[PDB]
K.L.:
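Structure provided below as structure tokens; questions to follow.
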Amino acid sequence: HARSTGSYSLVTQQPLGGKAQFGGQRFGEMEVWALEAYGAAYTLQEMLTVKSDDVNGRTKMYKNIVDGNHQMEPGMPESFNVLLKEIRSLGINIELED
Amino acid sequence: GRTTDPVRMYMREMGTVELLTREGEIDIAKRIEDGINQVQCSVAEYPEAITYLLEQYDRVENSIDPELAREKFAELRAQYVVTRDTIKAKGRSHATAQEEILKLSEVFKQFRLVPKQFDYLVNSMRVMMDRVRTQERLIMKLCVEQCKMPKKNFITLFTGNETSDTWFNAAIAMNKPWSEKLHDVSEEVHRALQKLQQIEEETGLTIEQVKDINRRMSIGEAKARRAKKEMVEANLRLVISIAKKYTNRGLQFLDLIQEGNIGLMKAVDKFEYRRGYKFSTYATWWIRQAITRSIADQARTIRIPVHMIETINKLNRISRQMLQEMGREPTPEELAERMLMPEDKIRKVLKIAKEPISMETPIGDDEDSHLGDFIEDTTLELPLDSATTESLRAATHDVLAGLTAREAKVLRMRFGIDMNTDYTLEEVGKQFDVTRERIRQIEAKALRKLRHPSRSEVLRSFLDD
Amino acid sequence: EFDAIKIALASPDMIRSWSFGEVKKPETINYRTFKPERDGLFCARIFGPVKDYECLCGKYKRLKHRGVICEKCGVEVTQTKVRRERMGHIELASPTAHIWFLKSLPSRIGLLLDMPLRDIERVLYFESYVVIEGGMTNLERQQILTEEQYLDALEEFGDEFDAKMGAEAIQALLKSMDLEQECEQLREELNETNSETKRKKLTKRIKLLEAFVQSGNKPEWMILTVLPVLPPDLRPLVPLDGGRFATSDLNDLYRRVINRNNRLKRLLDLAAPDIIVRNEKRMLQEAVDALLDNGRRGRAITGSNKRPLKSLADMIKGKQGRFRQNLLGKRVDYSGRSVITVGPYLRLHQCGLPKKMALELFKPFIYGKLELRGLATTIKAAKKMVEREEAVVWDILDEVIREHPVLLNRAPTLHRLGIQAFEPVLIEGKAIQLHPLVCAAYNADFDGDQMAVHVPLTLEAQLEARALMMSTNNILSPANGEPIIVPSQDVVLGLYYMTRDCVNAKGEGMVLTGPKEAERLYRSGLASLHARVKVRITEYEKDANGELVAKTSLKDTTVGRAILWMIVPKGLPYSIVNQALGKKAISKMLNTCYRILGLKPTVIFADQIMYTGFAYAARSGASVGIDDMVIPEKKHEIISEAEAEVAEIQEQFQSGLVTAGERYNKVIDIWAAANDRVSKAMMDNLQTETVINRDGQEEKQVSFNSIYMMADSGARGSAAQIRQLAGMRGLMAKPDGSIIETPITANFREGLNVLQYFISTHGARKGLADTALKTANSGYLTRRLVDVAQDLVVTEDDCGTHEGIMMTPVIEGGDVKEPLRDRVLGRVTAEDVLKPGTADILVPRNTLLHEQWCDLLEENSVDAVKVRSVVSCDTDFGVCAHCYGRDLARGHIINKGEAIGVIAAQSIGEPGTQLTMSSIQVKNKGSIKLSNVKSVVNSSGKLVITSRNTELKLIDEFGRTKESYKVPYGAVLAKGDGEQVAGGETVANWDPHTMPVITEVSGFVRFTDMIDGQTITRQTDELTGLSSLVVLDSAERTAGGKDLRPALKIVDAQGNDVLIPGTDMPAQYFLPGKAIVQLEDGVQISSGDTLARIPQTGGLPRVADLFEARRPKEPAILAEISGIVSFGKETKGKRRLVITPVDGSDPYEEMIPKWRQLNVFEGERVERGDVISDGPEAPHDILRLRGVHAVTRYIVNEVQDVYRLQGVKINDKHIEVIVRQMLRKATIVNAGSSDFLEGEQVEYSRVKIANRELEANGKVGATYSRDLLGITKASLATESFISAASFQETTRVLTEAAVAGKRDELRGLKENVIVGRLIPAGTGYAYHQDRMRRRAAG
DNA sequence: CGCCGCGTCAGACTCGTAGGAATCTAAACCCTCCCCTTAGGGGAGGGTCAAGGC
DNA sequence: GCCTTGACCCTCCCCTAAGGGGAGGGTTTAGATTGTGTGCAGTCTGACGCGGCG
Ligand code: 118
Ligand SMILES: [Mg+2]
Ligand SMILES: [Zn+2]
Ligand SMILES: [Zn+2]
């Protein structure tokens, strides 16, 4: 099985999973450990934002690759915003300070 | 208390009351009835500022003779027009007035339970009584800011005298400097007191008789309320015994109980003991009505109207007996022939009776895979389509540069490219002061050139859609 | 951009300012036209439009008007994405309590009001009143009532007092109280009642009140009056294929709240009786509680399928919450997987990738490349070219993947060599091809495993995949510095078969010119590979300044070694190939090649070894047959000669000569002995049993048996398994642990019985079941270690300390288990050590001890070096590069910016699956040395010592300690000090069931200190007639007698207590109960006579208990301070003991049960730390009494005791990192103008950098103590709430951070992983540094 | 002060397949609003087809 | 080339006379009846912290 792009799930908007769904592969919790033991910071930042979960970056990256420009512009993932909403719904005031 | 269950906490606080006997409910209903008429008595001799029935009998103008409906209203007012002629004699509290207006009460006692008609006459003074109250609040929010003074001499003689401001002479009498420490503001006291004195003008009566008999009118409206309360509180086991046959139908037990209690509170308000029946026989109707109305309005995620609920229930009842009789489940043809409805409607009804599945439904051998994991977002655009859109925009921008600038501005205005809106011929010729027809001429020029094969095969590449 | 994250409580105005309108009814959507109903839960006027740039009615469209609000339907014309951002609210008709701040222990409401939880949970259910105002009455604030007492107070006092019921009462209490006045009145009224039991709770309440005062919150916001509503797209209602719908559970939980609040708003207008309004308020409270946290305050509300509904709190916490499932690991694009197989022709930097996988994973690259060459007009034609698989597509693919690395990964990823980068080679077929030398770091093999493939996209990711992760940079291990690419199974067998020798081989005796001629003779068929010949050989060396010098000779060798020598590179000696090679010799070859020459020659040499091993293993022809398993001919007689013995030991039981237990325990060993005899006969008949004859007659040599050859070379097998193939199987255990009596006397070549097979299945299933249920414990331990160690990074270059730790070999338990060389290689010297004379400097005193320095240390003999450590580093927020030492996978000083915590945790955790879960003799001759001693001469001409804690060492030729023991107290030393004794000589003699305690000086013994009726009996041995006043047990106790615990003392010719030389000492000691004393009265003794006597789990659990800092259940008792010991006031709960300084105060005395045998008598003088009893020591005591280095040394030695017992090699700074992380907290003793409290717990670095500034401009600092927390208690006590919340116990962490008003600065690795940023380690370290500089700019 | 009871928290990773989702009774009367019915009319707004004036 | 006429043409919405059919919403109903109920689930072990009683 192999996947270049495909369908994303409804709430979190990350790739689906499985071969019957044409899904991605889980980059789990203990693979991030190996990658930050090597010190490979850019590989990790692209595994988290523009390959999985960043909505504007993952479509900007495609049009950079087609034009022969291997560069990314990462933003904030979507599941972090989901988390902030579900914590605010408990009566707790959590926010990002600048 | 060693328990946290609210159903037990309810059934415990509910058991400290005793069930009534046939005489108890009758002599409770009797006082419910006579308090609400003591009130209607107390409303009688209030001044014309009330909405009194002078022409309510004419406002509206068991099938009673019209001559009977026109005449017996003439007894009460035939005595009333001559009775309250004595409103002047010896102040406002004359004894002939009390005697013959409680004789009007002797007349009034004939009547019994009625719609809000009676309500809208006592409201006649609500909109007028609390008014008086709030106005003497105004004076106070105009006195405490400037001077401090002991309230229980001032407001006591305020309650007592109400003749004129002469009672303020009872403030200097103790010879303490808080007497006239007030400066230049007492005319605001006189402002608000004088406006309530012209209210007294329109009422014609002093406050300490109106509020005096409102003290006893409030006795009836509370003595009916208390008896209604202890008529309700003695019958909660009836609600609990009825509401136990509606379980497992979309609501929980305490929800059904609290829906039945709102119906019991209406059965208590509509009862009539004279007809001779017990209370259970009349109350069960309202209790069941409240519970049934709340099951059909709540207890479904997507709400169905009541007529569709009854159609669904009837079709279920028919298919039950046809299944018992045939030994099989009937096809919609065999249901349409007996229900006597067009078969397309029987097909339409059968889709509306399904409740949504939970997104936490375990799908597999394990319980870590759920139904909501395999649900895909359908409103996203594929990146091949984004790239195609941008490439087509660039190709069009390049082909639109070959021909004239003024002759491309008209195409940009005509199809809305790079602009906030599309335009029409006359509003484009507005800025060109060109005729209705010349725009179409130059458009048939541009669209004729743009498909010449020297130009077209760059744009033709896209139309394979 | 942003720099921090805050958290607090939310006021009602804050919750109203997040929202876009109020939800008023439970309507979701219309049942015929599935459009959102107005004012319901999916309303399009509140939450936004359901299509892009369209109102609901259809009046407006088409993006001309973008900000207009339709007048018919109220929907504004905008994009539908906003249905993921907008919130709503619900106005409650009566206030309710937030369940988190009421029922998460300790409750914050009960802690703020100082009320029990029972009183509050009774007022909240309308079940009792509570007094809010006292007025002028006997009743006071927070007094609790019942209905009758409320009526009494009403009719007695009237209006003056105030009493309420329900959450309105509690809100009035929380709203009326004053915090500053209350905390200041807790301040000056604590010093009188600063007793500990009150001290803890008073300071806790003080810091809570102060937190509320400083944070800005208000205490009444813990009671809810407005409720927020989540956006609709995060709790969707969605159609499936078939018309069926699917929904979230929050909809079910919101509808109940809405339509129980509406009913209360109705009942408050009908003016119902209060018995009904109370029931409504209770139901509303229960519904809101089940919406927030479902199963916390009662029974869990379930759905129509009898499962509990999920709540807002179950979507955040747990193994399947947001944190661990969607933020710390994700699903990714551009990735695939497949089965793996072996390709033996590949280079070390190469993998084989199928064509179809590569065509799918590389599609946008191919589209762009196609439309750059003009081969396709638009991207949509490129798609169809690729989909048809034309011939030019396969030529574009070949130049796209040229110089594009690919990451391969196999699960579970136990350490960082589980992900590596390769260069792909396109193949046909569908399986991935892997190089045979990397299957050991992956733990992979080809019985069906599968692997995952990932593609880096950007330029920086490609640079990092080439420089950091490529498989040709990863030859060394990061746990120990050893090579990881060693050849395993057939390389070994081929190289071993080609470098063996044989007698009378064809072509023996010749003399050849070089290796080329030997090869040309072997290929031609004239010589053999095992033939003994003489060859001229040229070899190189380097002693010049980087140059090689050659020299030639004639050597005696075989053909095969001369053929192998053509592979070895220039600069290595011939003596490496002149052996018969095995796995150990090949690992030595690769390691010396790495030390002398470097990296690239090593990676070429490894490939050449692999190729030639495979080739010659193929040519050998090795096989396995049934006749290769040779059973010795004298097993059948060993078996009968054990069966006869077991019969004649049964018949000594049938006639009553032996017990049953001893009968069983004798049969056990008379079968074990016969098993050992059989196994050694078998192994000797197999190992050299070759009789090959020579030019005149026979002789012996090593065997060429196939099984022996693959066992002896180290390719596959061992002796313990040939024992089962050809010997006998042995003794089997029950599932209980008991051993069955009759063993298995058969082997696999002969076949078992039904019964032997049945009893052999028990142990098989036991092992198979232990494996699966041990892997979980190992994984959980690794996760806790990673969480405590994740934020530690090499920050600086040199801190500049002079502290350190003293490294010596470990010699206990027998011979030297760990030399000094294996414990200082790579470390940095702390002081200028000198070879055993004086001023033998080798050091600028900062010296990376590489191999040459270790050789210099070993040519002299030095056995102690002071080195540097991380547990003593002076840098705060990190370590320095010199305290850490060498990068164990690169071979040089560590680089600044390295993530050493994750490496430490992974290195300790990875091997955890292999863990299991009467007289002194002397071997060799040398001096004898004693320490911690105090001596006396004996009456029989021997040495005795009166020390308990002495040590006896053996000194070598040069003075390096080779063995060390300790003697028991009271033992008589057979020979004295300073002796050069040979082996086989005993030096001390002690009893195996007794130890004596001796007198001080020759004096006259008196029976004193004991009477008749005491704990003494007059029990005399009636047969032999010897008795002193013997001490008794507590079964023969006379309580009135123990007024003075008996002891027979020594007197002068004065009749009074004897002088002791040096001090005015009482010469005799009082001994605890049940003492054996038979010394005569009136028969006096000499100094040192027998006066009294003394009669008498490893694996993963132990490692977890050491890192968690458990307390033993029989902890030894140590001396708090130094002083003269004595028994105290004797309050008889259980015994009392005191010590007294010679100069200082002594208020310290405490409890000891009489079961705890004391080893310190009332005349002893003890120093700080020594034991008063025996038992396993407790690490908190070791940290309190002795310093930090003592607890460090104890922990690292007790951990390495478990790993070495199994053969696992882990370096020692990996444990020091964890020990440093367990020591981050300090506790204040005396503040002294330091802005700290007097028993608050602070971070150690805060105290340090505060005292460094107070002391700067001449002021008095603070004094503190160190603390020791376990790993999971120190993970949760860190100063960032996001790491702690994502580790464990999310509810407690979030409630405490909310009421405290904390913030987070995003300095660890996990904080930046959560929000998708560059971590502060590695190639991201510079970036953050620059950002930090702007923090100083603004 | 010390012991015991009781309540809360935790228990490895990555892949595969497998259709549909499970009881459950109100009935007569009134009202208002919305679209439907034949065979074409009427207008509003926006386009198209020849012909010349210059 | 650069504009002005006078004809023609199209689609979309609303309208006719006398009711018909349906969807979705309101209201009362008088022999008496007065405390749940599932043929529940209850089911693991170890460490730790705090309250309640001697
Ligand atoms: C099962 C059980 C009772 C009723 Sb009904 C009723 C129904 C039709 C005609 C007359 C009576 C009832 C009353 C109000 C609301 C809902 C249902 C009923 C009422 C009181 C006593 C006995 C039966 C219906 C089905
Ligand atoms: Mg395998
Ligand atoms: Zn609209
Ligand atoms: Zn340092």
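Quick note on labels: first sequence line is chain A, next is B, and so on, each numbered from 1. Side chains are part of it too, since the values below use all heavy atoms of this structure and drop only hydrogens, waters and symmetry mates.
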K.L.:
From E/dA30, D/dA22, E/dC3, pick the nucleotide closest to the side chain of B/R406?
P.N.:
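Out of E/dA30, D/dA22, E/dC3, the nucleotide with an atom closest to B/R406's side chain is E/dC3.
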K.L.:
Any donor-acceptor pair under 3.5 Å linking the side-chain atoms of B/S358 with those of C/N305?
P.N.:
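Judged by distance alone, the side chains do not pair up.
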K.L.:
For E/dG42, give its Watson-Crick or G-U wobble partner with both distances under 3.5 Å, or none.
P.N.:
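For E/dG42, the partner nucleotide comes out as none, under the 3.5 Å rule.
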K.L.:
Would you tell me whether C/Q906 and C/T782 have side-chain atoms, one donor and one acceptor, within less than 3.5 Å of each other?
P.N.:
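No donor-acceptor contact under 3.5 Å links the two side chains.
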K.L.:
Tell me: NZ of B/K345 to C1' of E/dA23, nearest whole Å?
P.N.:
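About 10 Å, once rounded to whole Å.
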K.L.:
Counting the atoms with a prime plus P, OP1 and OP2 as sugar-phosphate, which does C/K319 contact under 4.0 Å by heavy atoms, base, sugar-phosphate, or nothing?
P.N.:
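If one applies the 4.0 Å heavy-atom cut-off, C/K319 turns out to touch the sugar-phosphate alone, with no base involved.
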K.L.:
Please write out the pairs of protein N or O atoms and N or O atoms of nucleotides 5-7 of chain E separated by less than 3.5 Å, giving the distance to one decimal.
P.N.:
none

K.L.:
Under a 4.5 Å cut-off applied to non-hydrogen side-chain atoms, are C/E1108 and C/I1271 in contact?
P.N.:
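A side-chain contact under 4.5 Å exists here.
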K.L.:
Does C/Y780 have any side-chain hydrogen bond (donor to acceptor under 3.5 Å, both in side chains) partners at least two apart in sequence or in another chain, and if so, which?
P.N.:
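C/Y780 satisfies side-chain hydrogen bond (donor to acceptor under 3.5 Å, both in side chains) with C/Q1288 only.
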K.L.:
Determine, step by step, whether A/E31 and A/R26 satisfy the salt bridge (charged side-chain N to carboxylate O under 4.0 Å, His left out) criterion, reporting the C-alpha distance in whole Å, the side-chain angles of both residues, the deciding distance to 0.1 Å, and the verdict.
P.N.:
CA-CA 10 Å; A/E31 281 92 9; A/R26 191 158 157 77; over 6 Å; no
K.L.:
Can you tell me the distance, in whole Å, between the CD atom of B/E443 and the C1' atom of E/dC3?
P.N.:
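Result: 16 Å.
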K.L.:
More 5' along DNA chain D: C/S304 or C/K1134, using each one's nearest nucleotide?
P.N.:
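That would be C/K1134.
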K.L.:
Given the structure, is E/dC50 a Watson-Crick or G-U wobble partner of D/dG5 (both distances under 3.5 Å)?
P.N.:
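Verdict: paired bases.
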K.L.:
Where along nucleotides 47-54 of chain E does protein come under 4.0 Å, by heavy atom, of base (B) or sugar-phosphate alone (S), with - for untouched nucleotides?
P.N.:
SSS-----
K.L.:
If pairing requires Watson-Crick or G-U wobble contacts with both distances under 3.5 Å, which nucleotide is the partner of D/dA12?
P.N.:
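The base-pairing partner of D/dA12, which may sit in any strand shown, does not exist here.
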K.L.:
Can you tell whether D/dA10 is stacked with D/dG11, judging only by whether their six-membered base rings have centres under 5.5 Å apart and planes under 30 degrees?
P.N.:
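Between D/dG11 and D/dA10 there is base stacking, as the criterion is defined here.
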K.L.:
Output yes when C/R1292 and C/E1289 qualify as a salt bridge under the 4.0 Å nitrogen-oxygen rule, no when they do not.
P.N.:
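Salt bridge between C/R1292 and C/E1289, a charged N being under 4.0 Å from a carboxylate O: yes.
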K.L.:
Does E/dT27 carry a north or a south sugar when the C1'-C2'-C3'-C4' torsion is used to decide?
P.N.:
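Of the two classes, E/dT27 takes north, because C1'-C2'-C3'-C4' is positive.
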K.L.:
Using atom CG of C/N777 as one end and atom P of E/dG46 as the other, report the distance to the nearest whole Å.
P.N.:
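It is 13 Å, rounded to the nearest whole Å.
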K.L.:
Would you confirm whether the neighbouring bases E/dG37 and E/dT38 count as stacked, given the thresholds of 5.5 angstrom between ring centres and 30 degrees between planes?
P.N.:
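Base stacking between E/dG37 and E/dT38: present.
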K.L.:
Restricting to side chain to side chain contact (heavy atoms under 4.5 Å, CB included), what partner residues turn up for B/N313, sequence neighbours left out?
P.N.:
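With sequence neighbours excluded, B/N313 shows a side chain to side chain contact (heavy atoms under 4.5 Å, CB included) to B/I309, B/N316, given in chain and number order.
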K.L.:
Are any protein N/O atoms closer than 3.5 Å to N/O atoms in nucleotides 6-10 of chain D? If there are, list each pair with its distance.
P.N.:
unit_1	atom_1	unit_2	atom_2	d
D/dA10	OP1	C/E1289	N	3.4

K.L.:
Does any nucleotide pair with E/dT33 by Watson-Crick or G-U wobble geometry, both distances under 3.5 Å, and what is it?
P.N.:
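For E/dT33, the partner nucleotide comes out as none, under the 3.5 Å rule.
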K.L.:
Within this structure, what is the CG-to-P distance between C/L785 and D/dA12, rounded to whole angstrom?
P.N.:
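Rounding to the nearest Å, CG of C/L785 and P of D/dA12 are 15 Å apart.
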K.L.:
Give the B/S/- string for nucleotides 23-34 of chain D, one per nucleotide from 5' to 3', where a protein heavy atom under 4.0 Å of the base yields B, of only the sugar-phosphate yields S, and otherwise -.
P.N.:
-BBSS-------
K.L.:
Taking for each residue the nucleotide of DNA chain E bearing the nearest heavy atom, is the 5' side occupied by B/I442 or by B/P305?
P.N.:
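Taking each residue's closest nucleotide, the earlier one in sequence belongs to B/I442.
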K.L.:
Between E/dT28 and E/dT27, is the stacking condition met, i.e. ring centres under 5.5 Å and planes under 30 degrees?
P.N.:
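The answer is yes; the two bases are stacked.
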K.L.:
Do neighbours D/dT25 and D/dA26 have base six-rings closer than 5.5 Å at the centres and tilted less than 30° apart?
P.N.:
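Base stacking between D/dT25 and D/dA26: absent.
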K.L.:
Return the nucleotide paired to D/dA18: Watson-Crick means purine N1 to pyrimidine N3 with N6-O4 or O6-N4, wobble means G-U with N1-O2 and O6-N3, both under 3.5 Å.
P.N.:
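Check on D/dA18: unpaired, no WC or wobble geometry under 3.5 Å.
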K.L.:
B/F432 has an atom CZ; how far is it from atom P of E/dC2, in whole Å?
P.N.:
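Whole-Å distance recorded here is 14 Å.
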K.L.:
Could you go through residues 281-291 of chain B and list every donor-acceptor pair under 3.5 Å that involves a side-chain atom there, pairing it with any protein atom two or more places apart or in another chain?
P.N.:
unit_1	atom_1	unit_2	atom_2	d
B/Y282	OH	B/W286	NE1	3.3
B/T284	OG1	B/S280	O	3.0

K.L.:
So do the side chains of C/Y442 and C/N409 get within less than 4.5 Å of each other, counting heavy atoms only?
P.N.:
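Contact flag for C/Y442/C/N409 side chains = no.
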K.L.:
Identify whether any heavy atom of C/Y31 sits under 4.0 Å from a base atom; if not, whether one sits that close to sugar-phosphate; answer base, sugar-phosphate or nothing.
P.N.:
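Here C/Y31 touches the backbone only, sparing every base.
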K.L.:
Select from B/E355 and B/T424 the residue whose nearest nucleotide in DNA chain D is closer to the 5' end of that strand.
P.N.:
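Between the two, 5'-proximity favours B/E355.
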K.L.:
Just the rounded figure in Å: distance from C1' of D/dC49 to CZ of B/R438.
P.N.:
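Taking atom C1' of D/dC49 as the reference, CZ of B/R438 is at 15 Å.
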K.L.:
List every contact pair, protein side and nucleotides 33-36 of chain E side both N or O, where the distance is under 3.5 Å.
P.N.:
unit_1	atom_1	unit_2	atom_2	d
E/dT34	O2	B/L238	N	3.4
E/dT34	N3	B/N235	ND2	3.3
E/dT34	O4	B/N235	ND2	3.3
E/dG35	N2	B/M11	O	3.2

K.L.:
Going by atom types only, do B/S369 and B/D366 share a side-chain donor-acceptor pair under 3.5 Å?
P.N.:
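Their side chains do contain a donor-acceptor pair, which is all the 3.5 Å distance test asks for.
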K.L.:
When we call it a touch if two heavy atoms are under 4.0 Å apart, what does C/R297 touch: a base, just sugar-phosphate, or nothing?
P.N.:
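No contact at all - C/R297 keeps every heavy atom at 4.0 Å or more from the nucleic acid.
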K.L.:
Taking A/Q25's backbone N and O only, do any of them form a donor-acceptor pair with C/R331's side chain (distance below 3.5 Å, no angle check)?
P.N.:
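It does not hold such a pair.
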K.L.:
To the nearest Å, give me how far apart CD (B/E426) and P (D/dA44) are.
P.N.:
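Answer to the nearest Å: 16 Å.
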K.L.:
Could you tell me which residues satisfy side chain to side chain contact (heavy atoms under 4.5 Å, CB included) with C/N30, sequence neighbours excluded, listed by chain and number?
P.N.:
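Scan of C/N30 (side chain to side chain contact (heavy atoms under 4.5 Å, CB included), adjacent residues dropped) gives C/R32, C/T33, C/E37.
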K.L.:
Among D/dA21, E/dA30, E/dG24, which is the nearest nucleotide to the side chain of C/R32?
P.N.:
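Side chain of C/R32 sits closest to E/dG24.
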K.L.:
Inspect the six-membered rings of E/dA23 and E/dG24 and say whether their centres lie under 5.5 Å apart and their planes under 30° apart.
P.N.:
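So E/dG24 stacks onto its neighbour E/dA23: yes.
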K.L.:
Would you call the sugar of E/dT43 north or south from its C1'-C2'-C3'-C4' torsion?
P.N.:
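With a negative torsion about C1'-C2'-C3'-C4', the sugar belongs to the south class.
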K.L.:
Considering Watson-Crick and G-U wobble pairs with both distances under 3.5 Å, what does D/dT23 pair with?
P.N.:
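Base partner found: none.
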K.L.:
Tabulated below should be each protein N or O lying under 3.5 Å from an N or O of nucleotides 14-20 of chain D; please produce it.
P.N.:
unit_1	atom_1	unit_2	atom_2	d
D/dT14	OP1	A/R26	NE	2.9
D/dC15	OP1	A/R26	N	3.1
D/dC15	OP1	C/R331	NH1	3.0
D/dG16	OP1	A/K19	N	3.2

K.L.:
So, using side chain to side chain contact (heavy atoms under 4.5 Å, CB included) as the criterion, who are the partners of B/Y273 when residues are at least two apart?
P.N.:
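Per chain and number, B/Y273 pairs via side chain to side chain contact (heavy atoms under 4.5 Å, CB included) with B/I26, B/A29, B/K30, B/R112, B/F271.
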K.L.:
Expressed in angstrom and rounded to an integer, what is the separation of C/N409 atom CG from D/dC13 atom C1'?
P.N.:
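These atoms are roughly 11 Å apart.
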K.L.:
Rounding to 10°, can you tell me the angle the first-five-pair axis of the helix from D/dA39-E/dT16 to D/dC54-E/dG1 makes with its last-five-pair axis?
P.N.:
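Rounded value for the end-axis angle: 10°.
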K.L.:
Quick one: is B/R303 getting a side-chain N or O under 4.0 Å of the E/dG25 phosphate, OP1 or OP2?
P.N.:
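True: B/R303 side-chain N/O within range (under 4.0 Å) of E/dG25 OP1/OP2.
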